[PDB]
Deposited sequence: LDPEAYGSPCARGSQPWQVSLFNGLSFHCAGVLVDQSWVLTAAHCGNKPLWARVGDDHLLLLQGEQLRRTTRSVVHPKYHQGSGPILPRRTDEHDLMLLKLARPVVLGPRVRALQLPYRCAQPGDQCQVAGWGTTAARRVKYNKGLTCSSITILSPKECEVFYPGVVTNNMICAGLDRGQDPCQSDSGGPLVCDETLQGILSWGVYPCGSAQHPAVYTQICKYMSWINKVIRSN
C-alpha cells in the first residue's frame, strides 16, 4: 500500500535513538503530534542516512492538556527544504462529516520498512460511545477501519487525512491488535485551528 511519493508530510519522532511517535508536517518549521508523545526531547525525521533529520526546539503542548486535548506542536530546529519528497500537509478549513472516506498511513509500530495505507470511515461520535461508554466525544473523530485490517499497523500521533486535508491526530483506541471492530480515537483538528495557526505565528 501507500504509493511512493505519497505522504510527503509524514514525520517519525524519535526519543534518543528509539522510535517514539509519528507526526504531521503543518509548516516548514512545524510538526504536529499528540501531547501524550512528548516526554522530551524528540527529534524529527521527515518525508517519504535519511531524507532530512531535524532536532526539535519548542514543544508546545495544548494548554488544556483519558487524554482530553491530545495535541502538541514541535518546532524544528531548522526549516525543512520544501519539495516533492517533503512538504507540509494542508490544514483543515472545514470539519470532516461522519461517513467520509479518509486515510491513515502507518509503519507498523506496535509490533524494507514501508508505509502502508488503509481506508478509514468517520463514524459518528455516538457510535464511538458503544465501544467506549463514557468517552466524551468532545472534539474528536472515531475512525472505522475496514474489516480484516489490523489497527496496530498505525502509529501514535500519525495523521488521518481526508480529502487531501488533515482531519486528525491519532490519540488512542489502537489496542487491542488483531481486530478492526473497535474504532480508533483521533483528535479533531478542525476544532484546534485557532491554537495551531497562532502557535505557528501564522496567527
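- Coordinate coverage of the deposited sequence breaks at 1 to 8, 57 to 62, 80 to 90, 137 to 142, these segments carrying no C-alpha atoms.
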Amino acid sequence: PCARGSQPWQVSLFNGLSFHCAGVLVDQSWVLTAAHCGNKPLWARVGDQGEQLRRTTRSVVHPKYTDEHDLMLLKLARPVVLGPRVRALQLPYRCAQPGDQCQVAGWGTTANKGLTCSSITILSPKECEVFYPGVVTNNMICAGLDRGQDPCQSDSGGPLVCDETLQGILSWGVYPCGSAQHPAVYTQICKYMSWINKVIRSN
From here on, numbers count along this sequence of modelled residues.
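- The stretch with the higher mean CA B factor, choosing between 21 to 29 and 5 to 13, is 5 to 13.
- The PDB entry reports B-factors from which the mean C-alpha value can be compared for 168 to 176 and 50 to 58; the larger average falls on 50 to 58.
- Note on the listed residues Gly158, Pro63, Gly134, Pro41: the highest Cα temperature factor in the record is that of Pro41.
- Residue-level temperature factors show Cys152 in the highest third of its chain, judged at the C-alpha atom.
- In this PDB entry, the Cα temperature factor of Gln103 sits in the bottom third of its chain's modelled residues, the lowest group.
- Ranked within its chain, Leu71 lands in the lowest third, by CA B factor from the PDB record.
- Annotation for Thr116: C-alpha temperature factor in the middle third relative to the rest of the modelled chain, per the entry.
- Ranked against the other modelled residues of its chain, the C-alpha B-factor of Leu82 as given in the entry falls in the lowest third.
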